[PDB]
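Shown here is one chain on its own, the form deposited in one PDB entry, set out as structure tokens.
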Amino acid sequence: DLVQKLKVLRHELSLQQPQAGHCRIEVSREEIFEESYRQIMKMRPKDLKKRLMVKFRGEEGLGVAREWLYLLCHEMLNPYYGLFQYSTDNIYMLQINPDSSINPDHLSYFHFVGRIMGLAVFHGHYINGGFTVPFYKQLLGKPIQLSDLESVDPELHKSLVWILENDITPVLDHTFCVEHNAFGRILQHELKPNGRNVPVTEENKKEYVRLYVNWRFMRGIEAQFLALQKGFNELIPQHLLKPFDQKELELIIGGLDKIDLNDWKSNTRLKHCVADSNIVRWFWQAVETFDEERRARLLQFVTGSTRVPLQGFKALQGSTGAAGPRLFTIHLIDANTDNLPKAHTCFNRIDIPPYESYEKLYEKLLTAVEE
């Protein structure tokens, strides 16, 4: 199982975390994207491996990287910024935008997104944002298969399938060079060192084919991916990803994308109330009533993030923030019943007033989650 292989990866990463010092990030909520960019990019990789201390500017009086990561991923992964775009054929998943060159500094922003992804995995946190299958395969360092290219370029796929099941000796005159229309002009690109003078033979056509497929998936997003990858590997070394596949990397990076209710209830603690308190009974009744989306907004309202750890609700306050696992807490406060439930994201605690009815609790709970 994944938690087993992950604990080996987390232990190797934990050895790289200097027990002395804190990685200090203080950004505003209204400028979280550009302020986090400036602060993270000013640091050296060694500085990012120190235990995280994220504070929102001003809000430190009356801090969590869980909420900061959530709000930061929400911003950087939005197509408004031109780094990522939704896929045409996977309208539910992000991919690198090939027209990212519009921003001349795009390569530094991709390197920053990579730093944020590595920082999240390194500190036991997750990234809210789903990527495509070739994104995870590329990030992992493993080669894309020829069958994955049929959907992307069926004419090139047809040609490369011909090469593999035919004797190219009396027919082909290819080199490890691909000539393509680069917007307005044809450009020769070598697939390997000195590819223009390396002919494709029966002895090396398998290598030529896998390099051509790899090159075609990187078309337009080469500089972008390289930048992201260098930021990600500054926290998560490439060798430590070796025991994982595309689906396992997607889970390591983003956590579970389904909230189990029984695990949420098993890892819930109560302050100022007991299991048979009306507020507790009513809260869980309102929670079964909520849809998968309303449940995720409730998790974000209380814990600061929509992300569920791969170990479940038991490991809620990630690897760093204060001491350890600060479990989801229901706190019955004595306060005016016209108030909305308060949330202390730093403790995964919801302060619920002593409502007089289930419907009263429901409407105030729903109203708090939409805000």
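One rule holds for the numbers: they count along the sequence shown, beginning at 1.
J.: How much of the deposited sequence is absent from the coordinates between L62 and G63: none, 1 to 3, 4 to 9, or 10 or more residues?
T.: Per the record, 1 to 3 deposited residues are absent between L62 and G63.
J.: Taking the recorded C-alpha temperature factors, which stretch has the higher mean, 149-157 or 177-185?
T.: Higher mean C-alpha B-factor in the PDB entry: 177-185.
J.: Please compare 304-312 with 66-74 and name the stretch with the higher mean C-alpha B-factor in the deposited structure.
T.: Averaging CA B-factors over each stretch, the winner is 304-312.
J.: Go through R281, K192, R210, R297 one by one and give the residue whose Cα B-factor in the PDB entry is largest.
T.: Spelled out: the listed residue with the top C-alpha B-factor is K192.
J.: Reading the B-factor column of the entry, which of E234, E250, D99, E202 has the highest value at its C-alpha atom?
T.: That would be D99, according to the entry.
J.: Would you check the entry's CA temperature factor for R349 and let me know if it's in the chain's lowest, middle or highest third?
T.: Tercile = lowest for this residue's CA B-factor.
J.: Compared with the other modelled residues in the chain, in which third is the CA B-factor of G220?
T.: As the PDB entry reports it, the C-alpha B-factor of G220 lands in the highest third of its chain.
J.: Ordered by C-alpha B-factor within the chain, which third holds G141? Give me lowest, middle or highest, please.
T.: Middle third - that is where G141 ends up once the chain's C-alpha B-factors are sorted.
J.: Thinking about Cα B factors across the chain, which third does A322 belong to?
T.: Ranked within chain, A322 CA B lands in the highest tercile.
J.: So where's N103 on the chain's Cα temperature factor ranking, which third?
T.: Highest third, going by the recorded CA B-factors of the chain.
The following text describes the form solved in complex with a small molecule, which does not appear among the structures shown.
J.: Select from the listed residues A227, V213, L298, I252 the one whose heavy atoms reach within 4.5 Å of the small molecule in the entry with it bound.
T.: By the 4.5 Å criterion, the partner-contacting residue is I252.
J.: Please tell me which of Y109, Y208, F283, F131 lies within 4.5 Å of the small molecule in the entry with it bound, judged by heavy atoms.
T.: After the contact test, the surviving option is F131.
J.: Quick one: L6, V121 and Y126 and the small molecule in the entry with it bound, is every residue within 4.5 Å by at least one heavy atom?
T.: The answer is yes; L6, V121 and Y126 each reach the small molecule.
J.: Please pick out the stretch from 290-298, 258-266, 197-205, 131-139 that is in contact with the small molecule in the entry with it bound, where contact means heavy atoms within 4.5 Å.
T.: Heavy atoms within 4.5 Å of the small molecule in the entry with it bound occur in 131-139.
J.: Just to confirm, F232 within 4.5 Å of the small molecule in the entry with it bound by heavy atoms?
T.: Yes, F232 lies within 4.5 Å of the small molecule in the entry with it bound.
J.: In the entry with it bound, is there a heavy atom of the small molecule that lies within 4.5 Å of any heavy atom of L83, even though the partner is absent here?
T.: Output for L83 is no: heavy atoms all beyond 4.5 Å of the small molecule.
J.: In the entry with it bound, does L241 come within 4.5 Å of the small molecule, counting heavy atoms only?
T.: Yes.
J.: Using 4.5 Å between non-hydrogen atoms, is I144 touching the small molecule in the entry with it bound?
T.: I144 lies outside the contact set for the small molecule.
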